[PDB]
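Residue numbers (the entry's author numbering), protein chains in the order written: chain A, 646 to 695; chain A', 449 to 606, 623 to 695; chain A'', 449 to 596. A prime marks a further copy of an entry chain. Data block below; observations after.
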Ligand SMILES: NC(=O)c1ccc[n+]([C@@H]2O[C@H](COP(=O)([O-])OP(=O)(O)OC[C@H]3O[C@@H](n4cnc5c(N)ncnc54)[C@H](O)[C@@H]3O)[C@@H](O)[C@H]2O)c1
Ligand SMILES: NC(=O)c1ccc[n+]([C@@H]2O[C@H](COP(=O)([O-])OP(=O)(O)OC[C@H]3O[C@@H](n4cnc5c(N)ncnc54)[C@H](O)[C@@H]3O)[C@@H](O)[C@H]2O)c1
């Protein structure tokens with residue numbers, strides 16, 4: 646019945662959306678770091694072979 | 449239009465896959481007429497007029513009719529629900545139904561098609577209550593990624625069809641059409657999510673290109689050093 | 449146009465790969481006429497008019513017709529979907545269909561072609577629900593590279 650209550654719940658749903666976007670950005674950052682380290686390791690082994 | 453002749457036998461042509469109910473108030477005898485037969489009233493018989501539901505949010509008392517069509521039709525309803533994350537969002541569903549009349553010669557089975565005089569509003573509010581109840585304990589992300597299975601489990605049970629045994633109305637399918645948030649801020653927040661996904665994809669292709677460039681650069685450098693020592 | 453002679457036998461020429469349904473309300477007998485035959489009504493027979501779906505987003509009740517064409521045609525629909533990355537994007541699809549009539553002499557099989565009086569809106573919303581449901585759990589990059 647109270648409008649303030651519904652307005653308070655809108656902040657809850659926008660915080661849930663912000664949480665989901667932060668989660669996908671963190672997953673992308675960790676995949677980027679894994680590929681970066683794999684390429685760096687292959688590059689170092691190739692420099693020693695050269 | 450033009451007036452009808454009150455002295456002529458009042459009659460009506462029942463379509464294919466339809467039925468009418470008509471009770472002889474004098475001779476005390478009911479009959480349900482199926483198929484594409486032509487129905488002609490006796491001197492004291494009357495029709496059973498069906499007050500049905502229609503419209504886009506399925507309001508009641510919106511389509512009065514005279515015969516009952518029991519074919520594989522569908523009707524579509526708009527359902528506003530809210531999730532466990534308090535995400536208000538509205539749906540558009542589609543409901544394949546038909547009537548299972550086992551025997552058309554049975555006076556007791558075929559009477560039950562008119563046992564429920566608003567077979568559309570009943571089924572639509574029933575499926576609305578079921579879907580609304582099951583989604584209210586499901587978060588927004590799970591619902592967005594799995595909303596076919598959620599609603600198909602909410603409507604049916606533990623089952624391929626949702627039979628309604630008061631009148632024999634099965635519901636054989638549900639077809640979700642449009643799921644969008646009621647709140648504009650919600651949609652605006654999701655636009656930032658999709659543009660971040662695109663930026664992630666471009667950063668991934670740029671990193672892959674950089675690592676391929678570094679591999680070719682080191683290979684050429686190694687061949688150059690071996691050639692300088694040979695010279 | 450010019451008025452028709454009400455006293456003449458009302459008749460209609462069914463095309464190739466088509467059918468009509470017509471029920472004799474007096475003699476209590478239905479018949480489904482196939483092929484390119486010419487159909488002539490008895491004194492109490494009537495046609496079954498089909499209210500179909502048409503248009504670019506496939507609205508309902510947009511093309512009333514009289515005979516049923518059961519050939520290898522296609523109809524095209526526009527489907528707005530959304531992916532697991534919340535990418536709203538619309539499609540244009542094309543649906544090769546035909547009717548499988550095993551026996552044209554069977555009164556019960558051939559009655560079922562008119563069992564569903566809007567065979568276009570039904571199939572298009574059904575394929576819309578299926579595609580919309582399956583793509584909603586697939587990310588945007590996978591869908592763009594593998595959407596066939
Ligand atoms: N198999 C199919 O896919 C199929 C077959 C026939 C018709 N259709 C059409 O699909 C459309 C869906 O639109 P909607 O439901 O959003 O519009 P709506 O909500 O206004 O339709 C109300 C529903 O009530 C039903 N109805 C009306 N009068 C009736 C009677 N006398 N007896 C029994 N049932 C009756 C109709 O079939 C319709 O589906 C219908 O208008 C219908 O003509 C589909
Ligand atoms: N094999 C083929 O590729 C082939 C064959 C014939 C026609 N076509 C044409 O392809 C076009 C596709 O356009 P669209 O579907 O976007 O336009 P649309 O969506 O307006 O067409 C509606 C569909 O309903 C069908 N239809 C109309 N009246 C009918 C009846 N009485 N009985 C049975 N079916 C009926 C038509 O075949 C058409 O495909 C059609 O207009 C059709 O003429 C293709």
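Every residue gets a Cβ at the ideal spot worked out from N, C-alpha and C, and that includes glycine.
Self-check item: Top-ranked residue by Cα proximity to residue 629(A'), from 570(A'), 602(A') and 581(A')
Solution: Counting from 1 along the second chain, the entry for residue 629(A') is found at position 165. Nearest C-alpha to residue 629(A'): 570(A').
Quiz item: Which chain A' residues are close to residue 581(A''), counting only those with a beta carbon under 8 angstroms from its beta carbon?
Solution: Locating residue 581(A'') in the third chain gives position 133, counting from the first residue. The contacting residues are 595, 596 and 640.
Exercise. Would you check if the segment 485–500 of chain A' and the segment 510–517 of chain A' touch, i.e. whether three or more CB-CB distances between them fall below 8 angstroms?
Key: In short, these stretches touch, since the Cβ pair count reaches three.
Practice problem: Determine the extent of the alpha helix (DSSP H) in which residue 589(A'') is found, giving its start and end residues. | Solution: Reading the third chain from its first residue, position 141 is the one you call residue 589(A''). Run containing residue 589(A''): 588–594, per the alpha helix (DSSP H) assignment.
Self-check item: Option in 581(A''), 582(A'') and 535(A'') with minimal Cα separation from residue 659(A')
Solution: Sequence index remark: in the second chain, residue 659(A') carries index 195 (1-based). Closest in alpha carbon position to residue 659(A'), among 581(A''), 582(A'') and 535(A''), is 535(A'').
Quiz item: Would you say residue 648(A) reaches chain A', if we count a Cβ-Cβ gap shorter than 9 angstroms as a contact?
Solution: For the purposes of this step, residue 648(A) is taken as the residue at position 3 of the first chain. For residue 648(A), the answer is no, since every Cβ of chain A' falls outside 9 angstroms of its Cβ.
Practice problem: Return yes when the C-beta of residue 511(A') is under 8 angstroms from any heavy atom of ligand 1, and no when it is not. | Solution: For the purposes of this step, residue 511(A') is taken as the residue at position 63 of the second chain. Yes.
Quiz item: Regarding residue 503(A'') and ligand 2, is the C-beta to nearest heavy atom distance less than 8 angstroms?
Solution: In the third chain, the residue the question calls residue 503(A'') occupies position 55. Yes, Cβ of residue 503(A'') sits closer than 8 angstroms to a heavy atom of ligand 2.
Quiz item: For residue 521(A'), which of helix, strand or coil comes out of DSSP?
Solution: Taking the second chain and counting its residues from 1, the one referred to as residue 521(A') is at position 73. DSSP places residue 521(A') in strand when its eight states are reduced to three.
Quiz item: Cα separation between residue 559(A') and residue 482(A')?
Solution: Residue 559(A') sits at position 111 when you count from the first residue of the second chain. Residue 482(A') sits at position 34 when you count from the first residue of the second chain. Between residue 559(A') and residue 482(A'), the C-alpha separation is close to 12 angstroms.
Quiz item: Going by the beta-carbon positions, is the gap between residue 555(A'') and residue 470(A'') smaller than 9 angstroms?
Solution: Numbered from its first residue, the third chain carries residue 555(A'') at position 107. Numbered from its first residue, the third chain carries residue 470(A'') at position 22. In this structure, residue 470(A'') does not lie closer than 9 angstroms to residue 555(A'') by Cβ.
Self-check item: Residue-level contact to chain A'' via CB, residue 592(A'), 9 angstroms cutoff
Solution: Taking the second chain and counting its residues from 1, the one referred to as residue 592(A') is at position 144. For residue 592(A'), the answer is yes, since a Cβ of chain A'' falls inside 9 angstroms of its Cβ.
Practice problem: Could you have a look at residue 528(A') and say whether DSSP puts it in helix, strand or coil? | Solution: For the purposes of this step, residue 528(A') is taken as residue 80 along the second chain, with counting starting at 1. Residue state, collapsed to three classes: strand.
Quiz prompt | the segment 525–533 of chain A'' / the segment 675–686 of chain A' touching (three or more Cβ pairs under 8 angstroms) | solution = These segments do not touch.
Exercise. Check whether the Cβ atoms of residue 579(A'') and residue 561(A'') lie closer than 9 angstroms to each other.
Key: Translated into positions along the third chain, residue 579(A'') becomes position 131. Translated into positions along the third chain, residue 561(A'') becomes position 113. Taking 9 angstroms as the Cβ cut-off, residue 579(A'') and residue 561(A'') do not qualify as a contacting pair.
Exercise. Please classify residue 486(A'): does DSSP put it in a helix, a strand, or coil?
Key: If you number the second chain from 1, residue 486(A') lands on position 38. Residue 486(A') falls in the strand class under three-state DSSP.
Practice problem: Can you grab the Cα-Cα spacing for the pair residue 587(A') / residue 662(A), in whole Å? | Solution: As a working note, residue 587(A') is residue 139 in the second chain. As a working note, residue 662(A) is residue 17 in the first chain. Cα to Cα, the separation comes out at about 11 angstroms.
Quiz item: Where does residue 516(A') land, buried or exposed, given buried means 16+ other C-beta within 10 angstroms?
Solution: Taking the first residue of the second chain as position 1, residue 516(A') is located at position 68. The residue is buried, with at least 16 neighbouring Cβ atoms inside 10 Å.
Quiz prompt | Spatial neighbours of residue 581(A'') in its chain, beta-carbon cut-off 7 angstroms, leaving aside the 5 residues before and after | solution = As a first step, residue 581(A'') must be located in the third chain, where it is residue number 133. Correct list: empty, nothing qualifies.
Quiz item: DSSP on residue 685(A'), reduced to helix/strand/coil?
Solution: Taking the first residue of the second chain as position 1, residue 685(A') is located at position 221. Residue 685(A'): helix per DSSP, three-state reduction.
Quiz prompt | Alpha-carbon to alpha-carbon, residue 467(A'') and residue 576(A') | solution = Within the second chain, the letter at position 128 stands for residue 576(A'). Within the third chain, the letter at position 19 stands for residue 467(A''). Rounded to whole angstroms, residue 576(A') to residue 467(A'') spans 39 angstroms at the Cα level.
Quiz item: At a cut-off of 8 angstroms, is residue 523(A'') close to ligand 1 when judged by its beta-carbon and the heavy atoms of the ligand?
Solution: Residue mapping note: residue 523(A'') aligns to position 75 of the third chain, counting from 1. It does not: the Cβ of residue 523(A'') is nowhere closer than 8 angstroms to a heavy atom of ligand 1.
Self-check item: Alpha-carbon to alpha-carbon, residue 601(A') and residue 566(A')
Solution: Residue mapping note: residue 566(A') aligns to position 118 of the second chain, counting from 1. Residue mapping note: residue 601(A') aligns to position 153 of the second chain, counting from 1. When rounded, the distance between both Cα atoms is 25 angstroms.
Exercise. Would you give the residue range spanned by the beta strand (DSSP E) that residue 627(A') belongs to?
Key: On the second chain, residue 627(A') is found 163 positions in, with the first residue counted as 1. Run containing residue 627(A'): 626–628, per the beta strand (DSSP E) assignment.
Quiz item: Say the cut is 8 angstroms; is the CB of residue 508(A'') nearer than that to a heavy atom of ligand 2?
Solution: Position 60 of the third chain, counted from the start, is the residue given in the question as residue 508(A''). No, Cβ of residue 508(A'') sits at least 8 angstroms from all heavy atoms of ligand 2.
Quiz item: Is it the case that the CB of residue 539(A'') approaches a heavy atom of ligand 2 more closely than 8 angstroms?
Solution: To locate residue 539(A''), count along the third chain from 1; it is residue 91. No; taking the cut-off as 8 angstroms, the Cβ of residue 539(A'') has no heavy atom of ligand 2 nearer than that.
Exercise. Would you mind reading off the limits of the beta strand (DSSP E) that contains residue 547(A')?
Key: The residue you call residue 547(A') lines up with position 99 of the second chain. Segment 536–547, the beta strand (DSSP E) holding residue 547(A').
Exercise. Could you check what DSSP says for residue 502(A') in three-state terms: helix, strand or coil?
Key: Translated into the one-based positions of the second chain, residue 502(A') becomes position 54. In the three-state reduction of the DSSP assignment, residue 502(A') falls in the strand class.
Practice problem: Out of 631(A'), 464(A') and 544(A'), state which residue places its alpha-carbon closest to the alpha-carbon of residue 557(A'). | Solution: The residue labelled residue 557(A') in the question sits at position 109 within the second chain. Of 631(A'), 464(A') and 544(A'), the residue nearest in Cα terms is 631(A').
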